>>> print(open('start_20.cif').read())   # mmCIF, C-alpha atoms and all ligand atoms
data_start
#
loop_
_atom_site.group_PDB
_atom_site.id
_atom_site.type_symbol
_atom_site.label_atom_id
_atom_site.label_comp_id
_atom_site.auth_asym_id
_atom_site.auth_seq_id
_atom_site.Cartn_x
_atom_site.Cartn_y
_atom_site.Cartn_z
ATOM 1 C CA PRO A 33 0.000 0.000 0.000
ATOM 2 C CA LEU A 34 2.241 2.817 -1.275
ATOM 3 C CA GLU A 35 -0.347 5.473 -2.159
ATOM 4 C CA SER A 36 -1.869 5.093 1.341
ATOM 5 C CA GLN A 37 1.383 5.314 3.350
ATOM 6 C CA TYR A 38 2.949 8.484 1.903
ATOM 7 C CA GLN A 39 1.451 11.835 0.920
ATOM 8 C CA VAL A 40 2.972 13.004 -2.361
ATOM 9 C CA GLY A 41 3.914 16.641 -2.869
ATOM 10 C CA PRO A 42 5.626 18.651 -5.600
ATOM 11 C CA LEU A 43 8.129 17.440 -8.138
ATOM 12 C CA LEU A 44 11.721 17.948 -7.048
ATOM 13 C CA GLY A 45 13.157 17.082 -10.468
ATOM 14 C CA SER A 46 13.706 14.370 -13.034
ATOM 15 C CA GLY A 47 16.230 12.782 -15.377
ATOM 16 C CA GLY A 50 13.129 8.898 -13.511
ATOM 17 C CA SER A 51 11.434 11.554 -11.381
ATOM 18 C CA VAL A 52 11.659 12.620 -7.736
ATOM 19 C CA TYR A 53 8.817 14.016 -5.609
ATOM 20 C CA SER A 54 8.724 15.628 -2.213
ATOM 21 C CA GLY A 55 6.608 13.718 0.251
ATOM 22 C CA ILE A 56 5.573 13.116 3.830
ATOM 23 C CA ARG A 57 5.256 9.733 5.520
ATOM 24 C CA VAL A 58 1.679 9.654 6.785
ATOM 25 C CA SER A 59 2.683 7.540 9.801
ATOM 26 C CA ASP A 60 4.698 10.272 11.536
ATOM 27 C CA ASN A 61 5.058 13.355 9.241
ATOM 28 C CA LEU A 62 8.629 12.408 8.348
ATOM 29 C CA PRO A 63 9.735 14.384 5.261
ATOM 30 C CA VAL A 64 10.737 11.969 2.496
ATOM 31 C CA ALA A 65 11.703 12.030 -1.159
ATOM 32 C CA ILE A 66 9.881 9.654 -3.517
ATOM 33 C CA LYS A 67 12.058 8.544 -6.441
ATOM 34 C CA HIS A 68 10.547 6.729 -9.430
ATOM 35 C CA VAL A 69 12.808 4.584 -11.610
ATOM 36 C CA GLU A 70 11.494 3.272 -14.929
ATOM 37 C CA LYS A 71 12.250 -0.434 -15.383
ATOM 38 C CA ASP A 72 12.950 -0.063 -19.112
ATOM 39 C CA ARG A 73 15.807 2.334 -18.210
ATOM 40 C CA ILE A 74 17.629 0.212 -15.603
ATOM 41 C CA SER A 75 21.221 -0.333 -16.762
ATOM 42 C CA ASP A 76 22.659 -2.729 -14.153
ATOM 43 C CA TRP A 77 20.494 -5.152 -12.159
ATOM 44 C CA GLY A 78 21.216 -6.862 -8.858
ATOM 45 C CA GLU A 79 19.634 -9.306 -6.425
ATOM 46 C CA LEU A 80 18.660 -8.946 -2.782
ATOM 47 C CA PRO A 81 19.385 -11.643 -0.184
ATOM 48 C CA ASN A 82 15.818 -12.838 -0.841
ATOM 49 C CA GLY A 83 16.819 -13.417 -4.480
ATOM 50 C CA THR A 84 14.338 -10.775 -5.649
ATOM 51 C CA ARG A 85 15.873 -8.965 -8.622
ATOM 52 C CA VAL A 86 16.116 -5.199 -8.060
ATOM 53 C CA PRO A 87 18.008 -2.262 -9.606
ATOM 54 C CA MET A 88 21.633 -2.182 -8.500
ATOM 55 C CA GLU A 89 20.829 1.260 -7.078
ATOM 56 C CA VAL A 90 18.618 -0.443 -4.482
ATOM 57 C CA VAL A 91 21.376 -2.960 -3.674
ATOM 58 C CA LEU A 92 23.950 -0.190 -3.195
ATOM 59 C CA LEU A 93 21.600 2.005 -1.160
ATOM 60 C CA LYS A 94 20.840 -0.878 1.215
ATOM 61 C CA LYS A 95 24.550 -1.521 1.723
ATOM 62 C CA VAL A 96 25.259 2.081 2.775
ATOM 63 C CA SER A 97 22.000 2.912 4.575
ATOM 64 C CA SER A 98 22.939 1.174 7.848
ATOM 65 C CA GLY A 99 23.286 3.680 10.671
ATOM 66 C CA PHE A 100 23.958 7.399 10.361
ATOM 67 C CA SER A 101 26.259 8.978 7.794
ATOM 68 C CA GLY A 102 26.568 11.690 5.197
ATOM 69 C CA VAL A 103 24.684 9.435 2.784
ATOM 70 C CA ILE A 104 20.992 9.755 1.947
ATOM 71 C CA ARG A 105 19.257 6.745 3.470
ATOM 72 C CA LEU A 106 16.792 4.456 1.727
ATOM 73 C CA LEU A 107 13.792 4.010 4.036
ATOM 74 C CA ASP A 108 11.663 1.695 1.895
ATOM 75 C CA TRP A 109 11.088 0.661 -1.689
ATOM 76 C CA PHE A 110 8.251 -0.784 -3.757
ATOM 77 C CA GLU A 111 7.964 -2.549 -7.098
ATOM 78 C CA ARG A 112 5.301 -1.590 -9.668
ATOM 79 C CA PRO A 113 4.577 -3.180 -13.088
ATOM 80 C CA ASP A 114 6.858 -0.770 -14.971
ATOM 81 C CA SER A 115 8.848 0.955 -12.222
ATOM 82 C CA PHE A 116 10.497 0.795 -8.829
ATOM 83 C CA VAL A 117 9.682 3.438 -6.221
ATOM 84 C CA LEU A 118 12.386 4.437 -3.722
ATOM 85 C CA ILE A 119 11.571 6.204 -0.435
ATOM 86 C CA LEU A 120 14.509 8.372 0.700
ATOM 87 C CA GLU A 121 15.194 10.692 3.621
ATOM 88 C CA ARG A 122 14.611 14.349 2.925
ATOM 89 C CA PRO A 123 16.425 17.109 4.813
ATOM 90 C CA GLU A 124 14.438 20.293 5.237
ATOM 91 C CA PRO A 125 15.487 22.992 4.489
ATOM 92 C CA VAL A 126 17.879 21.653 1.821
ATOM 93 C CA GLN A 127 19.833 22.965 -1.171
ATOM 94 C CA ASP A 128 22.077 20.969 -3.424
ATOM 95 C CA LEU A 129 25.698 22.015 -3.624
ATOM 96 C CA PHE A 130 25.439 22.915 -7.344
ATOM 97 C CA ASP A 131 22.774 25.584 -6.724
ATOM 98 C CA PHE A 132 24.608 26.688 -3.567
ATOM 99 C CA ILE A 133 27.824 27.385 -5.488
ATOM 100 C CA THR A 134 25.884 29.042 -8.320
ATOM 101 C CA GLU A 135 24.223 31.450 -5.885
ATOM 102 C CA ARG A 136 27.220 32.193 -3.690
ATOM 103 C CA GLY A 137 30.186 32.008 -6.076
ATOM 104 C CA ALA A 138 33.570 30.604 -5.091
ATOM 105 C CA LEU A 139 33.410 29.427 -1.465
ATOM 106 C CA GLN A 140 35.708 30.701 1.282
ATOM 107 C CA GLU A 141 38.353 28.052 1.947
ATOM 108 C CA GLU A 142 37.155 27.522 5.540
ATOM 109 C CA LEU A 143 33.745 26.527 4.169
ATOM 110 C CA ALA A 144 35.134 24.469 1.288
ATOM 111 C CA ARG A 145 37.320 22.656 3.829
ATOM 112 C CA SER A 146 34.302 21.735 5.975
ATOM 113 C CA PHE A 147 32.262 20.572 2.961
ATOM 114 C CA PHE A 148 35.140 18.641 1.366
ATOM 115 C CA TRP A 149 35.980 16.933 4.681
ATOM 116 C CA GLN A 150 32.379 15.738 5.034
ATOM 117 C CA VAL A 151 32.299 14.448 1.456
ATOM 118 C CA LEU A 152 35.475 12.459 2.101
ATOM 119 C CA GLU A 153 33.988 10.887 5.244
ATOM 120 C CA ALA A 154 30.858 9.979 3.254
ATOM 121 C CA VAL A 155 32.846 8.419 0.396
ATOM 122 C CA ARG A 156 34.991 6.551 2.936
ATOM 123 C CA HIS A 157 31.763 5.133 4.381
ATOM 124 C CA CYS A 158 30.574 3.996 0.943
ATOM 125 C CA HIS A 159 33.882 2.266 0.233
ATOM 126 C CA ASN A 160 33.853 0.585 3.655
ATOM 127 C CA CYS A 161 30.382 -0.750 2.810
ATOM 128 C CA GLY A 162 31.639 -2.198 -0.497
ATOM 129 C CA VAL A 163 30.089 0.533 -2.681
ATOM 130 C CA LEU A 164 31.595 2.822 -5.342
ATOM 131 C CA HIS A 165 29.421 5.852 -6.102
ATOM 132 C CA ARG A 166 30.991 6.720 -9.503
ATOM 133 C CA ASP A 167 29.131 10.058 -9.827
ATOM 134 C CA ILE A 168 30.570 12.366 -7.163
ATOM 135 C CA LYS A 169 29.752 15.967 -8.164
ATOM 136 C CA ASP A 170 28.214 19.083 -6.650
ATOM 137 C CA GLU A 171 24.827 18.198 -8.183
ATOM 138 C CA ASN A 172 24.780 14.931 -6.202
ATOM 139 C CA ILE A 173 25.464 16.529 -2.794
ATOM 140 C CA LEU A 174 22.723 17.964 -0.567
ATOM 141 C CA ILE A 175 23.320 20.521 2.177
ATOM 142 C CA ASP A 176 21.172 20.309 5.299
ATOM 143 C CA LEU A 177 21.193 24.057 5.810
ATOM 144 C CA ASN A 178 20.140 23.968 9.465
ATOM 145 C CA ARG A 179 22.512 21.208 10.605
ATOM 146 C CA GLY A 180 25.419 22.082 8.294
ATOM 147 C CA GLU A 181 25.634 18.436 7.178
ATOM 148 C CA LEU A 182 26.227 17.220 3.633
ATOM 149 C CA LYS A 183 24.556 14.111 2.172
ATOM 150 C CA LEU A 184 25.480 12.078 -0.930
ATOM 151 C CA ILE A 185 22.624 11.211 -3.296
ATOM 152 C CA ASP A 186 21.998 9.266 -6.512
ATOM 153 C CA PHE A 187 23.732 5.880 -6.590
ATOM 154 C CA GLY A 188 22.164 5.131 -9.983
ATOM 155 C CA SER A 189 25.600 5.032 -11.654
ATOM 156 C CA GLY A 190 27.362 3.193 -8.825
ATOM 157 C CA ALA A 191 28.806 -0.307 -8.603
ATOM 158 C CA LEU A 192 30.057 -2.800 -6.070
ATOM 159 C CA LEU A 193 33.602 -1.822 -5.128
ATOM 160 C CA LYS A 194 36.340 -4.094 -6.542
ATOM 161 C CA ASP A 195 40.122 -3.986 -6.920
ATOM 162 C CA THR A 196 40.184 -4.892 -10.638
ATOM 163 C CA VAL A 197 39.658 -2.592 -13.608
ATOM 164 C CA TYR A 198 36.284 -1.095 -14.539
ATOM 165 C CA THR A 199 35.494 -0.889 -18.270
ATOM 166 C CA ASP A 200 31.971 0.598 -18.002
ATOM 167 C CA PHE A 201 30.982 4.104 -16.902
ATOM 168 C CA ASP A 202 27.724 6.073 -16.794
ATOM 169 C CA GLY A 203 28.651 8.954 -14.458
ATOM 170 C CA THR A 204 29.384 12.547 -15.465
ATOM 171 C CA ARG A 205 32.029 12.859 -18.168
ATOM 172 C CA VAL A 206 33.495 16.195 -17.003
ATOM 173 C CA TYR A 207 34.205 14.583 -13.614
ATOM 174 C CA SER A 208 35.682 11.411 -15.217
ATOM 175 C CA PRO A 209 39.451 10.837 -15.157
ATOM 176 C CA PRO A 210 41.853 10.937 -18.113
ATOM 177 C CA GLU A 211 42.355 7.157 -18.108
ATOM 178 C CA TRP A 212 38.629 6.758 -18.811
ATOM 179 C CA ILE A 213 38.790 9.366 -21.595
ATOM 180 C CA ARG A 214 41.888 7.838 -23.215
ATOM 181 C CA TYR A 215 41.464 4.088 -22.618
ATOM 182 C CA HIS A 216 37.917 3.441 -21.306
ATOM 183 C CA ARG A 217 39.478 1.845 -18.200
ATOM 184 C CA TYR A 218 39.887 2.991 -14.593
ATOM 185 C CA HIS A 219 40.318 1.677 -11.071
ATOM 186 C CA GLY A 220 37.641 2.636 -8.592
ATOM 187 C CA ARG A 221 39.497 4.498 -5.859
ATOM 188 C CA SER A 222 41.833 6.542 -8.014
ATOM 189 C CA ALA A 223 38.911 7.518 -10.269
ATOM 190 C CA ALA A 224 36.994 8.651 -7.181
ATOM 191 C CA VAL A 225 39.961 10.772 -6.047
ATOM 192 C CA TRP A 226 40.066 12.442 -9.477
ATOM 193 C CA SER A 227 36.378 13.396 -9.201
ATOM 194 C CA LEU A 228 37.093 14.766 -5.712
ATOM 195 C CA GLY A 229 39.803 16.978 -7.181
ATOM 196 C CA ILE A 230 37.278 18.335 -9.709
ATOM 197 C CA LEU A 231 34.799 18.890 -6.871
ATOM 198 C CA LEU A 232 37.297 20.775 -4.703
ATOM 199 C CA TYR A 233 38.359 23.084 -7.567
ATOM 200 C CA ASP A 234 34.633 23.648 -8.213
ATOM 201 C CA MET A 235 34.112 24.738 -4.598
ATOM 202 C CA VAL A 236 37.056 27.151 -4.316
ATOM 203 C CA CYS A 237 36.846 28.522 -7.869
ATOM 204 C CA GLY A 238 33.069 28.598 -8.416
ATOM 205 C CA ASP A 239 33.016 26.191 -11.386
ATOM 206 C CA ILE A 240 34.699 22.998 -12.589
ATOM 207 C CA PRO A 241 38.140 23.299 -14.284
ATOM 208 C CA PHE A 242 37.530 21.219 -17.421
ATOM 209 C CA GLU A 243 34.673 21.170 -19.932
ATOM 210 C CA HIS A 244 36.309 19.307 -22.853
ATOM 211 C CA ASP A 245 38.109 15.995 -23.329
ATOM 212 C CA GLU A 246 41.304 17.789 -24.382
ATOM 213 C CA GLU A 247 41.364 19.716 -21.085
ATOM 214 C CA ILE A 248 40.781 16.545 -19.040
ATOM 215 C CA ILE A 249 43.742 14.682 -20.531
ATOM 216 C CA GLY A 250 45.997 17.733 -20.831
ATOM 217 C CA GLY A 251 46.708 17.856 -17.111
ATOM 218 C CA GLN A 252 47.067 21.627 -16.705
ATOM 219 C CA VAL A 253 45.140 23.269 -13.865
ATOM 220 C CA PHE A 254 44.654 27.025 -14.259
ATOM 221 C CA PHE A 255 43.280 28.756 -11.157
ATOM 222 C CA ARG A 256 40.744 31.441 -12.075
ATOM 223 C CA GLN A 257 40.371 32.612 -8.468
ATOM 224 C CA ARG A 258 42.722 33.427 -5.634
ATOM 225 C CA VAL A 259 43.389 30.042 -3.973
ATOM 226 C CA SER A 260 45.959 29.338 -1.241
ATOM 227 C CA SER A 261 49.148 27.517 -2.250
ATOM 228 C CA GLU A 262 48.243 24.642 0.099
ATOM 229 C CA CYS A 263 44.804 24.172 -1.485
ATOM 230 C CA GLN A 264 46.241 24.390 -5.030
ATOM 231 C CA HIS A 265 48.711 21.632 -4.151
ATOM 232 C CA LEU A 266 45.994 19.279 -2.849
ATOM 233 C CA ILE A 267 43.852 19.888 -5.944
ATOM 234 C CA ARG A 268 46.774 19.322 -8.315
ATOM 235 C CA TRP A 269 47.652 16.115 -6.443
ATOM 236 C CA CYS A 270 44.094 14.780 -6.750
ATOM 237 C CA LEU A 271 44.249 15.628 -10.472
ATOM 238 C CA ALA A 272 47.540 13.848 -11.168
ATOM 239 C CA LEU A 273 47.391 12.417 -14.703
ATOM 240 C CA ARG A 274 48.791 9.030 -13.656
ATOM 241 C CA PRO A 275 46.324 7.242 -11.322
ATOM 242 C CA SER A 276 49.059 5.833 -9.063
ATOM 243 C CA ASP A 277 50.340 9.398 -8.467
ATOM 244 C CA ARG A 278 47.027 10.416 -6.852
ATOM 245 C CA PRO A 279 46.649 10.482 -3.059
ATOM 246 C CA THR A 280 44.761 7.912 -1.043
ATOM 247 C CA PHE A 281 41.888 9.105 1.145
ATOM 248 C CA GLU A 282 44.234 8.976 4.168
ATOM 249 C CA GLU A 283 46.749 11.229 2.410
ATOM 250 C CA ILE A 284 44.008 13.713 1.467
ATOM 251 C CA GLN A 285 42.737 13.953 5.043
ATOM 252 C CA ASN A 286 46.298 14.213 6.425
ATOM 253 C CA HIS A 287 47.105 17.019 3.951
ATOM 254 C CA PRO A 288 48.033 20.342 5.630
ATOM 255 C CA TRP A 289 45.158 22.201 3.912
ATOM 256 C CA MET A 290 42.684 19.788 5.569
ATOM 257 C CA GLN A 291 43.638 20.447 9.203
ATOM 258 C CA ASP A 292 41.432 22.172 11.818
ATOM 259 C CA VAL A 293 38.126 21.420 10.089
ATOM 260 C CA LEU A 294 35.005 23.107 11.444
ATOM 261 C CA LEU A 295 32.344 20.961 13.067
ATOM 262 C CA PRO A 296 29.059 20.725 11.104
ATOM 263 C CA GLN A 297 27.143 22.811 13.670
ATOM 264 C CA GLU A 298 29.810 25.539 13.550
ATOM 265 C CA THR A 299 29.691 25.445 9.732
ATOM 266 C CA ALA A 300 25.948 26.124 9.780
ATOM 267 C CA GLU A 301 26.235 28.902 12.380
ATOM 268 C CA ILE A 302 29.130 30.737 10.699
ATOM 269 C CA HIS A 303 28.355 30.165 7.031
ATOM 270 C CA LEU A 304 24.750 29.012 6.498
ATOM 271 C CA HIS A 305 22.533 30.823 9.054
ATOM 272 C CA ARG B 2 31.272 32.593 -18.315
ATOM 273 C CA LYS B 3 28.558 29.909 -18.432
ATOM 274 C CA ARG B 4 28.241 27.507 -15.497
ATOM 275 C CA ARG B 5 25.908 24.617 -16.220
ATOM 276 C CA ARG B 6 24.761 21.251 -14.974
ATOM 277 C CA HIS B 7 26.020 18.134 -16.751
ATOM 278 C CA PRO B 8 23.784 15.062 -17.152
ATOM 279 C CA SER B 9 25.001 11.546 -16.502
HETATM 280 O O1 LIG C 1 18.189 10.910 -4.781
HETATM 281 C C1 LIG C 1 18.247 11.147 -6.023
HETATM 282 O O2 LIG C 1 18.729 10.377 -6.877
HETATM 283 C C2 LIG C 1 17.693 12.470 -6.517
HETATM 284 N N1 LIG C 1 17.755 12.663 -7.823
HETATM 285 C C3 LIG C 1 17.252 13.846 -8.300
HETATM 286 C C4 LIG C 1 17.313 14.124 -9.684
HETATM 287 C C5 LIG C 1 16.832 15.312 -10.169
HETATM 288 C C6 LIG C 1 16.281 16.255 -9.311
HETATM 289 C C7 LIG C 1 16.206 16.017 -7.965
HETATM 290 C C8 LIG C 1 16.693 14.802 -7.431
HETATM 291 N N2 LIG C 1 16.638 14.586 -6.081
HETATM 292 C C9 LIG C 1 17.133 13.449 -5.632
HETATM 293 N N3 LIG C 1 17.152 13.207 -4.287
HETATM 294 C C10 LIG C 1 16.707 13.994 -3.207
HETATM 295 C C11 LIG C 1 16.524 13.398 -1.965
HETATM 296 C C12 LIG C 1 16.145 14.170 -0.879
HETATM 297 C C13 LIG C 1 15.943 15.535 -1.018
HETATM 298 C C14 LIG C 1 16.126 16.129 -2.260
HETATM 299 O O3 LIG C 1 15.950 17.478 -2.410
HETATM 300 C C15 LIG C 1 16.505 15.365 -3.354
#
>>> encode(input="start_20.cif", output="structure tokens", more="lines below")
Ligand SMILES: O=C(O)c1nc2ccccc2nc1Nc1cccc(O)c1
Amino acid sequence: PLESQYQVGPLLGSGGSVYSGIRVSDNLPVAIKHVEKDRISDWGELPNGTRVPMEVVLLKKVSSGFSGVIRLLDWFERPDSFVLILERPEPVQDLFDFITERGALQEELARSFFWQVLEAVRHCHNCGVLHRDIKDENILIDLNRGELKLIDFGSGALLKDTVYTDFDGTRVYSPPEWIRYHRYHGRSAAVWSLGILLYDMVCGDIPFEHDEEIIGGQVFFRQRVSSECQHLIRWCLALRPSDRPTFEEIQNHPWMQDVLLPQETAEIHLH
Amino acid sequence: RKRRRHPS
């Protein structure tokens, strides 16, 4: 009984389609995401053997406990679609719109956001999940708590140590080894997309729009950015995957020290 | 210059 357990509100957006909603049981704000079966790329199976979109498999693997990941609360199957019930922060703004409205972010704020994204991606990898579409569009800001949340695992995969030869994420966040050879390893590709994301935050837009820029390996800074932040970005965007930092090396980097707490981030920068 | 979203 899906139409009798949630009250459906306005469209949030589409690409499937996502609606705002309220769980009738306890007025919990939710998001209601509709996925068309005819569009499902990769399929998986639950423990029960029931075949579901891989997105549902990945979301279940990361939705245990609290984290900076949007949690799946429930899901339903329909004749031609799956319906996903997700948490919904309120008030919320995605990081793309946030950067559009505010311009390049102060480094203190970019540091807090980037730190929280790294903790969220670490949690995904610990749960066996590779997101494969890290970008400002896929990050929500809980404006009152100052907490960031990863969304949209529809391009993700189970994490493995061997080479990936498929990709359906965002090309301008994809690494040069995907552009050149249609091959990448999961962790170093993630670190590349995190370098794009960090440049995006401190410069106000992504560095590369074209394949030639992605493989050229030259990072021009269009805004005043500290030498320490430039170095971290350029390290994340190393052309050779094995030259990129691990997550531990990113979080131990000097630019990453003395991060603000989420509550402080909201009070200083979002309220 | 033009900042835009990029679809997957
Ligand atoms: O979770 C997704 O995959 C997702 N995809 C979207 C695609 C287009 C437009 C909006 C989308 N919202 C989405 N989630 C979402 C969840 C909670 C609050 C909220 O504001 C959004």
>>> atom_distance(input="start_20.cif", atom1="CA of residue 163 (chain A)", atom2="CA of residue 102 (chain A)")
14.1 Å
>>> interface_residues(input="start_20.cif", of="chain A", to="chain B", cutoff="9 Å", atoms="all atoms listed in the file", output="count of residues only")
14
>>> atom_distance(input="start_20.cif", atom1="CA of residue 259 (chain A)", atom2="CA of residue 208 (chain A)")
23.1 Å
>>> atom_distance(input="start_20.cif", atom1="atom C10 of ligand LIG 1 (chain C)", atom2="CA of residue 52 (chain A)")
6.9 Å
>>> residues_near_ligand(input="start_20.cif", ligand="ligand LIG 1 (chain C)", cutoff="10 Å", atoms="only C-alpha atoms and all ligand atoms", output="ChimeraX atom specification")
/A:43-47,50-55,63-69,89,104-106,118-128,171-176,183-189 /B:8
>>> resolve_selection(input="start_20.cif", expression="the PyMOL selection byres (((chain A and resi 36) around 12) and not hetatm)", output="list in words")
residues 33, 34, 35, 37, 38, 39, 40, 56, 57, 58 and 59 of chain A
>>> resolve_selection(input="start_20.cif", expression="the PyMOL selection byres (((chain A and resi 190-199) around 10) and not hetatm)", output="PyMOL selection string")
chain A and resi 76+88-89+91-93+95+158-168+186-189+200-203+212+215-221+223
>>> resolve_selection(input="start_20.cif", expression="the PyMOL selection byres (((chain A and resi 295) around 12) and not hetatm)", output="PyMOL selection string")
chain A and resi 142-143+145-147+149-150+179-182+291-294+296-303
>>> residues_around(input="start_20.cif", residues="region 228-232 of chain A", least_positions_apart="6", cutoff="8 Å", atoms="all atoms listed in the file", output="list in words")
residues 144, 148, 168, 169, 170, 207, 240, 241, 266, 267, 268, 269, 270 and 271 of chain A
